>>> print(open('query.pdb').read())   # PDB, C-alpha atoms
ATOM      1  CA  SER F  28     -22.812   9.522  12.736  1.00  0.00           C
ATOM      2  CA  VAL F  29     -19.546   8.339  11.055  1.00  0.00           C
ATOM      3  CA  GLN F  30     -21.425   5.990   8.753  1.00  0.00           C
ATOM      4  CA  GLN F  31     -23.822   8.728   7.669  1.00  0.00           C
ATOM      5  CA  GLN F  32     -20.879  11.065   7.026  1.00  0.00           C
ATOM      6  CA  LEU F  33     -19.026   8.539   4.902  1.00  0.00           C
ATOM      7  CA  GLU F  34     -22.274   7.825   3.046  1.00  0.00           C
ATOM      8  CA  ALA F  35     -22.705  11.519   2.204  1.00  0.00           C
ATOM      9  CA  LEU F  36     -19.059  11.898   1.192  1.00  0.00           C
ATOM     10  CA  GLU F  37     -19.269   8.893  -1.104  1.00  0.00           C
ATOM     11  CA  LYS F  38     -22.548  10.166  -2.655  1.00  0.00           C
ATOM     12  CA  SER F  39     -21.372  13.659  -3.507  1.00  0.00           C
ATOM     13  CA  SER F  40     -17.951  12.426  -4.714  1.00  0.00           C
ATOM     14  CA  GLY F  41     -19.546  10.345  -7.528  1.00  0.00           C
ATOM     15  CA  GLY F  42     -17.515   7.173  -6.633  1.00  0.00           C
ATOM     16  CA  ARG F  43     -17.222   4.067  -4.507  1.00  0.00           C
ATOM     17  CA  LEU F  44     -15.475   4.482  -1.123  1.00  0.00           C
ATOM     18  CA  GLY F  45     -13.985   1.705   0.988  1.00  0.00           C
ATOM     19  CA  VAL F  46     -12.767   2.362   4.581  1.00  0.00           C
ATOM     20  CA  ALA F  47     -11.394   0.153   7.324  1.00  0.00           C
ATOM     21  CA  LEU F  48     -10.062   1.652  10.530  1.00  0.00           C
ATOM     22  CA  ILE F  49      -8.687  -0.595  13.291  1.00  0.00           C
ATOM     23  CA  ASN F  50      -8.189   1.023  16.716  1.00  0.00           C
ATOM     24  CA  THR F  51      -5.462  -1.191  18.281  1.00  0.00           C
ATOM     25  CA  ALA F  52      -6.322  -0.034  21.873  1.00  0.00           C
ATOM     26  CA  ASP F  53      -9.400  -2.275  21.840  1.00  0.00           C
ATOM     27  CA  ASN F  54      -9.370  -3.725  18.341  1.00  0.00           C
ATOM     28  CA  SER F  55     -12.621  -2.001  17.556  1.00  0.00           C
ATOM     29  CA  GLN F  56     -13.198  -1.113  13.907  1.00  0.00           C
ATOM     30  CA  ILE F  57     -14.917   1.474  11.756  1.00  0.00           C
ATOM     31  CA  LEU F  59     -15.879  -0.136   8.454  1.00  0.00           C
ATOM     32  CA  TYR F  60     -17.472   1.186   5.284  1.00  0.00           C
ATOM     33  CA  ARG F  61     -17.691  -1.190   2.261  1.00  0.00           C
ATOM     34  CA  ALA F  62     -14.800  -2.957   4.047  1.00  0.00           C
ATOM     35  CA  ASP F  63     -15.615  -6.338   2.517  1.00  0.00           C
ATOM     36  CA  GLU F  64     -15.835  -5.137  -1.081  1.00  0.00           C
ATOM     37  CA  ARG F  65     -12.921  -5.674  -3.500  1.00  0.00           C
ATOM     38  CA  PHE F  66     -10.966  -2.697  -4.729  1.00  0.00           C
ATOM     39  CA  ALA F  67      -7.978  -2.508  -7.127  1.00  0.00           C
ATOM     40  CA  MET F  68      -4.884  -2.068  -4.863  1.00  0.00           C
ATOM     41  CA  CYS F  69      -2.788  -0.224  -7.420  1.00  0.00           C
ATOM     42  CA  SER F  70       0.565   0.716  -5.812  1.00  0.00           C
ATOM     43  CA  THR F  71      -0.573  -0.152  -2.270  1.00  0.00           C
ATOM     44  CA  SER F  72       0.350  -3.756  -3.304  1.00  0.00           C
ATOM     45  CA  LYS F  73       4.029  -2.707  -3.239  1.00  0.00           C
ATOM     46  CA  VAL F  74       3.980  -3.175   0.565  1.00  0.00           C
ATOM     47  CA  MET F  75       3.343  -6.876   0.186  1.00  0.00           C
ATOM     48  CA  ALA F  76       6.234  -7.286  -2.338  1.00  0.00           C
ATOM     49  CA  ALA F  77       8.609  -5.388   0.020  1.00  0.00           C
ATOM     50  CA  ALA F  78       7.418  -7.454   3.026  1.00  0.00           C
ATOM     51  CA  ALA F  79       7.841 -10.726   1.133  1.00  0.00           C
ATOM     52  CA  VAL F  80      11.550  -9.942   0.663  1.00  0.00           C
ATOM     53  CA  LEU F  81      11.919  -8.883   4.330  1.00  0.00           C
ATOM     54  CA  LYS F  82      10.389 -12.265   5.287  1.00  0.00           C
ATOM     55  CA  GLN F  83      13.095 -13.987   3.232  1.00  0.00           C
ATOM     56  CA  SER F  84      15.834 -11.906   4.917  1.00  0.00           C
ATOM     57  CA  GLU F  85      14.826 -13.523   8.218  1.00  0.00           C
ATOM     58  CA  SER F  86      16.460 -16.733   7.039  1.00  0.00           C
ATOM     59  CA  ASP F  87      19.159 -15.249   4.877  1.00  0.00           C
ATOM     60  CA  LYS F  88      21.616 -12.798   6.394  1.00  0.00           C
ATOM     61  CA  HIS F  89      23.164 -11.811   3.041  1.00  0.00           C
ATOM     62  CA  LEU F  90      19.904 -11.111   1.206  1.00  0.00           C
ATOM     63  CA  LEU F  91      19.134  -7.384   1.596  1.00  0.00           C
ATOM     64  CA  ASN F  92      22.657  -6.449   0.503  1.00  0.00           C
ATOM     65  CA  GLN F  93      22.475  -8.485  -2.741  1.00  0.00           C
ATOM     66  CA  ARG F  94      22.994  -6.036  -5.672  1.00  0.00           C
ATOM     67  CA  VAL F  95      20.779  -6.005  -8.770  1.00  0.00           C
ATOM     68  CA  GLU F  96      21.833  -4.496 -12.069  1.00  0.00           C
ATOM     69  CA  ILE F  97      19.655  -1.785 -13.421  1.00  0.00           C
ATOM     70  CA  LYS F  98      19.625  -1.788 -17.249  1.00  0.00           C
ATOM     71  CA  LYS F  99      17.957   0.842 -19.470  1.00  0.00           C
ATOM     72  CA  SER F 100      15.669  -2.097 -20.634  1.00  0.00           C
ATOM     73  CA  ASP F 101      14.480  -2.396 -17.039  1.00  0.00           C
ATOM     74  CA  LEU F 102      12.874   0.999 -16.993  1.00  0.00           C
ATOM     75  CA  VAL F 103       9.131   1.425 -17.331  1.00  0.00           C
ATOM     76  CA  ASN F 104       7.064   4.669 -16.890  1.00  0.00           C
ATOM     77  CA  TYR F 105       7.504   5.797 -13.332  1.00  0.00           C
ATOM     78  CA  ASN F 106      11.025   5.100 -12.075  1.00  0.00           C
ATOM     79  CA  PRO F 107      12.266   8.216 -10.096  1.00  0.00           C
ATOM     80  CA  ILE F 108      14.985   6.305  -8.184  1.00  0.00           C
ATOM     81  CA  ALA F 109      15.884   3.373 -10.525  1.00  0.00           C
ATOM     82  CA  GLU F 110      16.442   5.974 -13.315  1.00  0.00           C
ATOM     83  CA  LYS F 111      19.359   7.398 -11.261  1.00  0.00           C
ATOM     84  CA  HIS F 112      21.036   3.869 -11.413  1.00  0.00           C
ATOM     85  CA  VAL F 113      20.961   2.688 -15.027  1.00  0.00           C
ATOM     86  CA  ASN F 114      24.326   0.966 -15.790  1.00  0.00           C
ATOM     87  CA  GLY F 115      24.880   0.704 -12.034  1.00  0.00           C
ATOM     88  CA  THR F 116      23.291  -1.496  -9.341  1.00  0.00           C
ATOM     89  CA  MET F 117      20.849  -1.306  -6.402  1.00  0.00           C
ATOM     90  CA  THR F 118      20.653  -3.616  -3.368  1.00  0.00           C
ATOM     91  CA  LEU F 119      17.343  -5.434  -2.582  1.00  0.00           C
ATOM     92  CA  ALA F 120      17.070  -3.097   0.512  1.00  0.00           C
ATOM     93  CA  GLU F 121      17.389  -0.030  -1.830  1.00  0.00           C
ATOM     94  CA  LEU F 122      14.771  -1.542  -4.157  1.00  0.00           C
ATOM     95  CA  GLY F 123      12.384  -2.061  -1.212  1.00  0.00           C
ATOM     96  CA  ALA F 124      12.902   1.518  -0.096  1.00  0.00           C
ATOM     97  CA  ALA F 125      12.436   3.009  -3.594  1.00  0.00           C
ATOM     98  CA  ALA F 126       9.309   0.875  -4.208  1.00  0.00           C
ATOM     99  CA  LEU F 127       7.722   2.107  -1.023  1.00  0.00           C
ATOM    100  CA  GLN F 128       8.957   5.650  -0.480  1.00  0.00           C
ATOM    101  CA  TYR F 129       8.773   6.814  -4.105  1.00  0.00           C
ATOM    102  CA  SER F 130       6.368   4.245  -5.535  1.00  0.00           C
ATOM    103  CA  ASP F 131       9.066   3.342  -8.115  1.00  0.00           C
ATOM    104  CA  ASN F 132       7.657   0.788 -10.641  1.00  0.00           C
ATOM    105  CA  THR F 133      11.022  -0.634 -11.768  1.00  0.00           C
ATOM    106  CA  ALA F 134      11.811  -1.275  -8.060  1.00  0.00           C
ATOM    107  CA  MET F 135       8.500  -3.168  -7.663  1.00  0.00           C
ATOM    108  CA  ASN F 136       9.164  -5.237 -10.773  1.00  0.00           C
ATOM    109  CA  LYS F 137      12.682  -6.217  -9.655  1.00  0.00           C
ATOM    110  CA  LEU F 138      11.331  -7.368  -6.330  1.00  0.00           C
ATOM    111  CA  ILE F 139       8.636  -9.470  -8.054  1.00  0.00           C
ATOM    112  CA  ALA F 140      11.307 -10.873 -10.510  1.00  0.00           C
ATOM    113  CA  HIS F 141      13.433 -11.809  -7.488  1.00  0.00           C
ATOM    114  CA  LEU F 142      10.511 -13.539  -5.725  1.00  0.00           C
ATOM    115  CA  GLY F 143       9.588 -15.594  -8.815  1.00  0.00           C
ATOM    116  CA  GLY F 144       6.473 -13.690  -9.955  1.00  0.00           C
ATOM    117  CA  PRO F 145       3.132 -12.188  -8.765  1.00  0.00           C
ATOM    118  CA  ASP F 146       1.873 -15.624  -7.571  1.00  0.00           C
ATOM    119  CA  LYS F 147       4.749 -15.836  -5.028  1.00  0.00           C
ATOM    120  CA  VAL F 148       3.533 -12.496  -3.495  1.00  0.00           C
ATOM    121  CA  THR F 149       0.018 -14.002  -3.264  1.00  0.00           C
ATOM    122  CA  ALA F 150       1.436 -17.164  -1.602  1.00  0.00           C
ATOM    123  CA  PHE F 151       3.278 -14.881   0.955  1.00  0.00           C
ATOM    124  CA  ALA F 152      -0.088 -13.141   1.643  1.00  0.00           C
ATOM    125  CA  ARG F 153      -1.790 -16.493   2.242  1.00  0.00           C
ATOM    126  CA  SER F 154       0.982 -17.459   4.649  1.00  0.00           C
ATOM    127  CA  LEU F 155       0.067 -14.383   6.662  1.00  0.00           C
ATOM    128  CA  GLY F 156      -3.543 -15.601   6.950  1.00  0.00           C
ATOM    129  CA  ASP F 157      -4.667 -13.177   4.263  1.00  0.00           C
ATOM    130  CA  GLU F 158      -7.192 -15.012   2.131  1.00  0.00           C
ATOM    131  CA  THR F 159      -8.311 -12.058   0.081  1.00  0.00           C
ATOM    132  CA  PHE F 160      -5.221 -10.452  -1.427  1.00  0.00           C
ATOM    133  CA  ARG F 161      -4.297 -11.459  -4.966  1.00  0.00           C
ATOM    134  CA  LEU F 162      -1.463 -10.110  -7.089  1.00  0.00           C
ATOM    135  CA  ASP F 163      -1.795 -11.043 -10.737  1.00  0.00           C
ATOM    136  CA  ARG F 164       0.245  -8.592 -12.805  1.00  0.00           C
ATOM    137  CA  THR F 165       3.439  -6.548 -12.659  1.00  0.00           C
ATOM    138  CA  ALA F 166       3.749  -2.763 -12.836  1.00  0.00           C
ATOM    139  CA  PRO F 167       2.256  -0.689 -14.335  1.00  0.00           C
ATOM    140  CA  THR F 168      -0.609  -2.849 -15.749  1.00  0.00           C
ATOM    141  CA  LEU F 169      -1.692  -3.799 -12.195  1.00  0.00           C
ATOM    142  CA  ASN F 170      -3.097  -0.191 -12.156  1.00  0.00           C
ATOM    143  CA  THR F 171      -5.853  -0.675 -14.822  1.00  0.00           C
ATOM    144  CA  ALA F 172      -8.447  -0.836 -11.956  1.00  0.00           C
ATOM    145  CA  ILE F 173     -11.274  -1.982 -14.237  1.00  0.00           C
ATOM    146  CA  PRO F 174     -14.703  -2.114 -12.405  1.00  0.00           C
ATOM    147  CA  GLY F 175     -15.519  -5.726 -11.433  1.00  0.00           C
ATOM    148  CA  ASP F 176     -12.103  -7.143 -12.491  1.00  0.00           C
ATOM    149  CA  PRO F 177     -10.798  -9.403  -9.569  1.00  0.00           C
ATOM    150  CA  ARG F 178      -7.171  -9.057 -10.608  1.00  0.00           C
ATOM    151  CA  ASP F 179      -4.799  -7.243  -8.244  1.00  0.00           C
ATOM    152  CA  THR F 180      -7.492  -6.547  -5.682  1.00  0.00           C
ATOM    153  CA  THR F 181      -8.173  -6.951  -1.976  1.00  0.00           C
ATOM    154  CA  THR F 182     -10.765  -5.605   0.431  1.00  0.00           C
ATOM    155  CA  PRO F 183     -10.247  -2.640   2.916  1.00  0.00           C
ATOM    156  CA  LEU F 184     -10.618  -4.989   5.951  1.00  0.00           C
ATOM    157  CA  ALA F 185      -8.242  -7.634   4.648  1.00  0.00           C
ATOM    158  CA  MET F 186      -5.569  -5.024   3.904  1.00  0.00           C
ATOM    159  CA  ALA F 187      -6.112  -3.282   7.281  1.00  0.00           C
ATOM    160  CA  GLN F 188      -5.665  -6.602   9.168  1.00  0.00           C
ATOM    161  CA  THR F 189      -2.582  -7.583   7.152  1.00  0.00           C
ATOM    162  CA  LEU F 190      -1.013  -4.099   7.460  1.00  0.00           C
ATOM    163  CA  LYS F 191      -1.550  -4.266  11.277  1.00  0.00           C
ATOM    164  CA  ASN F 192       0.044  -7.731  11.398  1.00  0.00           C
ATOM    165  CA  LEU F 193       2.990  -6.544   9.284  1.00  0.00           C
ATOM    166  CA  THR F 194       3.771  -3.354  11.141  1.00  0.00           C
ATOM    167  CA  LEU F 195       2.533  -3.941  14.697  1.00  0.00           C
ATOM    168  CA  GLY F 196       2.020  -7.657  14.972  1.00  0.00           C
ATOM    169  CA  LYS F 197       3.229 -11.186  14.340  1.00  0.00           C
ATOM    170  CA  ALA F 198       4.000 -11.234  10.628  1.00  0.00           C
ATOM    171  CA  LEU F 199       7.644 -10.280  10.626  1.00  0.00           C
ATOM    172  CA  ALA F 200      10.552 -10.741  13.078  1.00  0.00           C
ATOM    173  CA  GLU F 201      11.445  -7.537  14.985  1.00  0.00           C
ATOM    174  CA  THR F 202      14.350  -6.222  12.896  1.00  0.00           C
ATOM    175  CA  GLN F 203      12.256  -6.807   9.677  1.00  0.00           C
ATOM    176  CA  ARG F 204       9.052  -5.295  11.247  1.00  0.00           C
ATOM    177  CA  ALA F 205      11.155  -2.215  12.305  1.00  0.00           C
ATOM    178  CA  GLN F 206      12.624  -1.881   8.770  1.00  0.00           C
ATOM    179  CA  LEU F 207       9.187  -1.995   7.109  1.00  0.00           C
ATOM    180  CA  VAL F 208       7.946   0.690   9.572  1.00  0.00           C
ATOM    181  CA  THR F 209      10.968   2.899   8.799  1.00  0.00           C
ATOM    182  CA  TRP F 210      10.290   2.649   5.073  1.00  0.00           C
ATOM    183  CA  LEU F 211       6.563   3.497   5.514  1.00  0.00           C
ATOM    184  CA  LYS F 212       7.268   6.521   7.727  1.00  0.00           C
ATOM    185  CA  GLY F 213       9.722   7.783   5.125  1.00  0.00           C
ATOM    186  CA  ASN F 214       7.056   7.821   2.367  1.00  0.00           C
ATOM    187  CA  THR F 215       7.322  10.936   0.169  1.00  0.00           C
ATOM    188  CA  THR F 216       4.098  10.490  -1.916  1.00  0.00           C
ATOM    189  CA  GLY F 217       1.324  10.673   0.748  1.00  0.00           C
ATOM    190  CA  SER F 218       1.077  14.388   1.841  1.00  0.00           C
ATOM    191  CA  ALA F 219      -2.269  15.085   0.204  1.00  0.00           C
ATOM    192  CA  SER F 220      -3.970  11.833   1.210  1.00  0.00           C
ATOM    193  CA  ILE F 221      -4.663  10.371   4.734  1.00  0.00           C
ATOM    194  CA  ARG F 222      -1.899  12.560   6.326  1.00  0.00           C
ATOM    195  CA  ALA F 223      -3.737  15.753   5.259  1.00  0.00           C
ATOM    196  CA  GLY F 224      -6.840  14.754   7.215  1.00  0.00           C
ATOM    197  CA  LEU F 225      -4.876  14.132  10.461  1.00  0.00           C
ATOM    198  CA  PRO F 226      -3.405  16.210  13.364  1.00  0.00           C
ATOM    199  CA  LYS F 227       0.064  17.427  12.244  1.00  0.00           C
ATOM    200  CA  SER F 228       1.737  16.089  15.394  1.00  0.00           C
ATOM    201  CA  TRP F 229       0.771  12.498  14.627  1.00  0.00           C
ATOM    202  CA  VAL F 230       3.334  10.174  13.124  1.00  0.00           C
ATOM    203  CA  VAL F 231       2.185   8.340  10.009  1.00  0.00           C
ATOM    204  CA  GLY F 232       3.667   5.613   7.880  1.00  0.00           C
ATOM    205  CA  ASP F 233       1.763   5.070   4.558  1.00  0.00           C
ATOM    206  CA  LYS F 234       1.694   3.705   1.056  1.00  0.00           C
ATOM    207  CA  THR F 235      -0.430   5.455  -1.619  1.00  0.00           C
ATOM    208  CA  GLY F 236      -1.676   3.934  -4.782  1.00  0.00           C
ATOM    209  CA  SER F 237      -3.368   5.371  -7.856  1.00  0.00           C
ATOM    210  CA  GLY F 238      -4.617   4.126 -11.166  1.00  0.00           C
ATOM    211  CA  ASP F 240      -7.244   4.275 -13.852  1.00  0.00           C
ATOM    212  CA  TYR F 241     -10.899   4.970 -13.119  1.00  0.00           C
ATOM    213  CA  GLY F 242      -9.599   7.754 -10.833  1.00  0.00           C
ATOM    214  CA  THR F 243      -8.604   5.048  -8.358  1.00  0.00           C
ATOM    215  CA  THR F 244      -7.138   6.757  -5.348  1.00  0.00           C
ATOM    216  CA  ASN F 245      -5.827   4.679  -2.483  1.00  0.00           C
ATOM    217  CA  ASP F 246      -3.804   5.003   0.686  1.00  0.00           C
ATOM    218  CA  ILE F 247      -3.015   2.619   3.521  1.00  0.00           C
ATOM    219  CA  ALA F 248      -1.541   3.965   6.786  1.00  0.00           C
ATOM    220  CA  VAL F 249      -0.336   3.145  10.309  1.00  0.00           C
ATOM    221  CA  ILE F 250      -0.913   6.180  12.607  1.00  0.00           C
ATOM    222  CA  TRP F 251       0.828   6.759  15.956  1.00  0.00           C
ATOM    223  CA  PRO F 252      -1.094   9.449  17.889  1.00  0.00           C
ATOM    224  CA  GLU F 254       0.895  11.349  20.593  1.00  0.00           C
ATOM    225  CA  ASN F 255      -1.009   9.839  23.674  1.00  0.00           C
ATOM    226  CA  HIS F 256      -2.904   6.788  22.356  1.00  0.00           C
ATOM    227  CA  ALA F 257      -2.339   3.380  20.835  1.00  0.00           C
ATOM    228  CA  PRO F 258      -1.821   3.082  17.030  1.00  0.00           C
ATOM    229  CA  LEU F 259      -4.620   3.120  14.474  1.00  0.00           C
ATOM    230  CA  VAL F 260      -4.472   1.277  11.126  1.00  0.00           C
ATOM    231  CA  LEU F 261      -6.412   2.936   8.312  1.00  0.00           C
ATOM    232  CA  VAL F 262      -7.131   1.872   4.755  1.00  0.00           C
ATOM    233  CA  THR F 263      -8.914   4.292   2.407  1.00  0.00           C
ATOM    234  CA  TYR F 264      -9.714   3.012  -1.083  1.00  0.00           C
ATOM    235  CA  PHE F 265     -11.681   5.050  -3.617  1.00  0.00           C
ATOM    236  CA  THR F 266     -12.645   4.372  -7.235  1.00  0.00           C
ATOM    237  CA  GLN F 267     -14.849   5.958  -9.943  1.00  0.00           C
ATOM    238  CA  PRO F 268     -17.186   4.766 -12.814  1.00  0.00           C
ATOM    239  CA  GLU F 269     -15.221   6.384 -15.628  1.00  0.00           C
ATOM    240  CA  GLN F 270     -11.901   5.367 -16.961  1.00  0.00           C
ATOM    241  CA  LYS F 271     -10.322   8.829 -17.271  1.00  0.00           C
ATOM    242  CA  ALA F 272     -11.720  10.234 -13.990  1.00  0.00           C
ATOM    243  CA  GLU F 273      -9.332  12.412 -11.971  1.00  0.00           C
ATOM    244  CA  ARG F 274      -7.774  11.092  -8.787  1.00  0.00           C
ATOM    245  CA  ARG F 275      -9.308  12.395  -5.615  1.00  0.00           C
ATOM    246  CA  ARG F 276      -6.656  12.427  -2.845  1.00  0.00           C
ATOM    247  CA  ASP F 277      -8.764  15.040  -1.059  1.00  0.00           C
ATOM    248  CA  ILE F 278     -11.604  12.422  -0.619  1.00  0.00           C
ATOM    249  CA  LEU F 279      -9.090  10.152   1.290  1.00  0.00           C
ATOM    250  CA  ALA F 280      -8.025  13.122   3.478  1.00  0.00           C
ATOM    251  CA  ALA F 281     -11.803  13.901   4.097  1.00  0.00           C
ATOM    252  CA  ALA F 282     -12.542  10.279   5.035  1.00  0.00           C
ATOM    253  CA  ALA F 283      -9.500  10.142   7.356  1.00  0.00           C
ATOM    254  CA  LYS F 284     -10.710  13.351   9.062  1.00  0.00           C
ATOM    255  CA  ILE F 285     -14.207  11.791   9.572  1.00  0.00           C
ATOM    256  CA  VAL F 286     -13.120   8.421  11.074  1.00  0.00           C
ATOM    257  CA  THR F 287     -10.323   9.797  13.319  1.00  0.00           C
TER     258      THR F 287
END
>>> encode(input="query.pdb", output="structure tokens")
Amino acid sequence: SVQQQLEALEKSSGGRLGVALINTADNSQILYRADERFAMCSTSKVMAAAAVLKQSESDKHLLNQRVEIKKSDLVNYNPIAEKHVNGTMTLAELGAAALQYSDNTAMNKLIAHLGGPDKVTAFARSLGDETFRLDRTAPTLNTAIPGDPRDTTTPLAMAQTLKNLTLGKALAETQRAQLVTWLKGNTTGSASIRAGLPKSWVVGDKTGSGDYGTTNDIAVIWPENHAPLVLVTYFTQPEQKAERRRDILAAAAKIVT
């Protein structure tokens, strides 16, 4: 069965695997450690991007507002913000770079705009998400220490909230459509969930990775002749310097789909 398969995969991998698949045709689920907390790592960038889209519902000027990018702004991983030092980026460009390239300076500017990590958590609560918590900025939100509650959520909570954000009630249509366009344009997810799926299927995703070989990916999947599926695959290991295992997320996605 699927549960036995996921159990075997988890056992031979040497880590802890969390899976939540929601089939939106009937709202049936496939769950594996779906109520356990996992460090989100960069999959939390979706909630920061969505929090700014929610604001743009009430403020027409918002997404075009330009933000200066100083050399002092740069942290470790800034592939897009590094091309803009001494120049500017709009909040829409920051949203895009945070999601499609996992840029950490882009994430931090969006949190700075919102008023801090606690404002992202308050946006999550407003969505009915009682589990999500964002406590730090990038990149220390990637420490992924075993048993630390900071910057964590559960696979089921993130699968429900990602469904509501991309396919449901969370955002007004233009904002929901923009978030979906940014997720489908992701450039960092080829080796994760996408690699375990039929090539014809359209996928929007956000990967995350961190210490303790924490390897995450959250995805909305549009099969060619069926209703969408929402899949969250979180994976973490007992040792701090473990390698990431994107192939375990592709193996789990192959099993549940």
>>> residues_around(input="query.pdb", residues="residue 73 (chain F)", least_positions_apart="4", cutoff="7 Å", atoms="only C-alpha atoms", output="PyMOL selection string")
chain F and resi 77+126-127+135
>>> atom_distance(input="query.pdb", atom1="CA of residue 211 (chain F)", atom2="CA of residue 92 (chain F)")
19.6 Å
>>> residues_around(input="query.pdb", residues="residue 39 (chain F)", least_positions_apart="5", cutoff="12 Å", atoms="all atoms listed in the file", output="mmCIF file with C-alpha atoms, in the coordinates of the input")
data_model
loop_
_atom_site.group_PDB
_atom_site.id
_atom_site.type_symbol
_atom_site.label_atom_id
_atom_site.label_comp_id
_atom_site.auth_asym_id
_atom_site.auth_seq_id
_atom_site.Cartn_x
_atom_site.Cartn_y
_atom_site.Cartn_z
ATOM 1 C CA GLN F 32 -20.879 11.065 7.026
ATOM 2 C CA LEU F 33 -19.026 8.539 4.902
ATOM 3 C CA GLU F 34 -22.274 7.825 3.046
ATOM 4 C CA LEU F 44 -15.475 4.482 -1.123
ATOM 5 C CA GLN F 267 -14.849 5.958 -9.943
ATOM 6 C CA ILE F 278 -11.604 12.422 -0.619
#
>>> closest_residue(input="query.pdb", among="F:182, F:155, F:76, F:233", to="residue 62 (chain F)", atoms="all atoms listed in the file")
F:182
>>> closest_residue(input="query.pdb", among="F:284, F:264, F:154, F:198", to="residue 227 (chain F)", atoms="all atoms listed in the file")
F:284
>>> atom_distance(input="query.pdb", atom1="CA of residue 187 (chain F)", atom2="CA of residue 172 (chain F)")
19.5 Å
>>> resolve_selection(input="query.pdb", expression="the PyMOL selection byres ((chain F and resi 51-61) around 9)", output="VMD selection string")
chain F and resid 29 to 30 33 to 34 43 to 50 62 to 65 182 to 184 191 256 to 260 286
>>> atom_distance(input="query.pdb", atom1="CA of residue 217 (chain F)", atom2="CA of residue 159 (chain F)")
24.7 Å
>>> resolve_selection(input="query.pdb", expression="the PyMOL selection byres ((chain F and resi 195) around 10)", output="list in words")
residues 51, 189, 190, 191, 192, 193, 194, 196, 197, 198, 199, 201, 204, 205, 208, 249, 258 and 260 of chain F
>>> resolve_selection(input="query.pdb", expression="the PyMOL selection byres ((chain F and resi 152) around 12)", output="short mmCIF file (atom, residue, chain, number, x, y, z; two decimals) with C-alpha atoms, in the frame of the given file")
data_model
loop_
_atom_site.label_atom_id
_atom_site.label_comp_id
_atom_site.auth_asym_id
_atom_site.auth_seq_id
_atom_site.Cartn_x
_atom_site.Cartn_y
_atom_site.Cartn_z
CA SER F 72 0.35 -3.76 -3.30
CA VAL F 74 3.98 -3.18 0.56
CA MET F 75 3.34 -6.88 0.19
CA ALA F 76 6.23 -7.29 -2.34
CA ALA F 77 8.61 -5.39 0.02
CA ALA F 78 7.42 -7.45 3.03
CA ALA F 79 7.84 -10.73 1.13
CA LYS F 82 10.39 -12.26 5.29
CA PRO F 145 3.13 -12.19 -8.76
CA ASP F 146 1.87 -15.62 -7.57
CA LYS F 147 4.75 -15.84 -5.03
CA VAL F 148 3.53 -12.50 -3.50
CA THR F 149 0.02 -14.00 -3.26
CA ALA F 150 1.44 -17.16 -1.60
CA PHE F 151 3.28 -14.88 0.96
CA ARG F 153 -1.79 -16.49 2.24
CA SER F 154 0.98 -17.46 4.65
CA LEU F 155 0.07 -14.38 6.66
CA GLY F 156 -3.54 -15.60 6.95
CA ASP F 157 -4.67 -13.18 4.26
CA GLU F 158 -7.19 -15.01 2.13
CA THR F 159 -8.31 -12.06 0.08
CA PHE F 160 -5.22 -10.45 -1.43
CA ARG F 161 -4.30 -11.46 -4.97
CA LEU F 162 -1.46 -10.11 -7.09
CA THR F 181 -8.17 -6.95 -1.98
CA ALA F 185 -8.24 -7.63 4.65
CA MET F 186 -5.57 -5.02 3.90
CA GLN F 188 -5.66 -6.60 9.17
CA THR F 189 -2.58 -7.58 7.15
CA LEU F 190 -1.01 -4.10 7.46
CA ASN F 192 0.04 -7.73 11.40
CA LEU F 193 2.99 -6.54 9.28
CA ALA F 198 4.00 -11.23 10.63
#
>>> closest_residue(input="query.pdb", among="F:241, F:251, F:129, F:66", to="residue 41 (chain F)", atoms="all atoms listed in the file")
F:241
>>> residues_around(input="query.pdb", residues="residue 131 (chain F)", least_positions_apart="5", cutoff="10 Å", atoms="all atoms listed in the file", output="list in words")
residues 70, 73, 102, 103, 104, 105, 106, 107, 108, 109, 110, 122, 123, 124, 125, 126, 136 and 166 of chain F
>>> axis_aligned_box(input="query.pdb", around="region 57-73 of chain F", padding_each_side="8 Å", output="AutoDock Vina command-line options")
--center_x -6.8 --center_y -2.4 --center_z 2.2 --size_x 37.7 --size_y 23.8 --size_z 35.2
>>> closest_residue(input="query.pdb", among="F:250, F:207, F:279, F:169", to="residue 235 (chain F)", atoms="only C-alpha atoms")
F:279
>>> closest_residue(input="query.pdb", among="F:133, F:220, F:165, F:170", to="residue 121 (chain F)", atoms="all atoms listed in the file")
F:133
>>> closest_residue(input="query.pdb", among="F:81, F:68, F:247, F:113", to="residue 200 (chain F)", atoms="all atoms listed in the file")
F:81
>>> residues_near_point(input="query.pdb", point="(-11.2, 8.1, -17.2)", cutoff="8 Å", atoms="all atoms listed in the file", output="PyMOL selection string")
chain F and resi 240-242+269-273
>>> residues_around(input="query.pdb", residues="residue 280 (chain F)", least_positions_apart="3", cutoff="6 Å", atoms="only C-alpha atoms", output="PyMOL selection string")
chain F and resi 220-221+223-224+277+283
>>> residues_around(input="query.pdb", residues="residue 95 (chain F)", least_positions_apart="5", cutoff="8 Å", atoms="all atoms listed in the file", output="VMD selection string")
chain F and resid 116 to 119
>>> decode(input="query.pdb", residues="region 49-61 of chain F", atoms="C-alpha atoms", output="PDB file, in the first residue's frame")
ATOM      1  CA  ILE F  49      -4.952  16.623  -1.165  1.00  0.00           C
ATOM      2  CA  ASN F  50      -6.911  15.379  -4.200  1.00  0.00           C
ATOM      3  CA  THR F  51      -9.230  18.352  -4.955  1.00  0.00           C
ATOM      4  CA  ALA F  52     -11.675  16.164  -7.009  1.00  0.00           C
ATOM      5  CA  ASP F  53     -13.075  14.722  -3.776  1.00  0.00           C
ATOM      6  CA  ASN F  54     -10.925  16.340  -1.110  1.00  0.00           C
ATOM      7  CA  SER F  55      -9.562  12.978  -0.113  1.00  0.00           C
ATOM      8  CA  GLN F  56      -6.064  12.972   1.370  1.00  0.00           C
ATOM      9  CA  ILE F  57      -2.982  10.799   1.601  1.00  0.00           C
ATOM     10  CA  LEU F  59      -1.153  11.623   4.826  1.00  0.00           C
ATOM     11  CA  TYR F  60       2.108  10.435   6.341  1.00  0.00           C
ATOM     12  CA  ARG F  61       3.340  12.186   9.542  1.00  0.00           C
TER      13      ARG F  61
END
